[PDB]
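[1] Using only what follows, build the 3D model:
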Amino acid sequence: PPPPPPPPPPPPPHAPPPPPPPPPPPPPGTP
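    Numbers count the residues shown, from 1 in each chain. Please find the structure below.
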């Protein structure tokens with residue numbers, strides 16, 4: 001009596017998806 005059709009395959013899976021240094025201090029002073 002014609003066997004039943006095979007169940008559909010399963011759905012596929014899935015995989016989801018510095019500051020600059022401060023300037024140098026000024027020179028001391030002229031003599």
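[2] what's near enough to touch the residue nearest the centre of the chain?
    Per C-alpha atoms, centre = their mean, the C-alpha nearest to the average position across the chain is that of residue 17, at 6.9 Å. Counting by C-beta atoms under 8 Å, 6 or more residues apart in numbering, residue 17 touches no other residue. Just so you know, the C-beta spots here come from the backbone N, C-alpha and C atoms, and that holds for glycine as well.
[3] what separates it from residue 29, distance-wise?
    Distance from residue 17 to residue 29, counting by C-beta to C-beta, to the nearest Å: 60 Å.
[4] returning to what we had before: just the element for the residue nearest to the centre of the chain, please.
    Using DSSP states H and E, residue 17 is not contained in any helix or strand.
[5] And it, how far from residue 30?
    Residue 17 sits 62 Å away from residue 30, going by C-beta to C-beta.
[6] and what of residue 5?
    Applying C-beta to C-beta, the value for residue 5 to residue 30 is 100 Å.
[7] What count of nearby residues applies to residue 18?
    Around residue 18 there are 3 other residues, counting by other C-beta atoms under 10 Å.
[8] no no, residue 14
    Using other C-beta under 10 Å, residue 14 has 5 other residues around it.
[9] Next one: it from residue 1, what distance?
    For residue 14, the distance to residue 1 equals 41 Å [C-beta to C-beta].
[10] now swap in residue 11 and tell me
    Per C-beta to C-beta, residue 11 is found 31 Å from residue 1.
[11] Tell me which of these two has more neighbours.
    residue 11 (6 against 3).
[12] element containing residue 13?
    Counting by DSSP H and E, residue 13 is part of no helix or strand.
[13] my bad, should have said residue 9
    Secondary structure (DSSP H and E) places residue 9 outside all helices and strands.
[14] which residues touch it?
    Listed by C-beta under 8 Å, 6+ apart, residue 9 has no contact partners.
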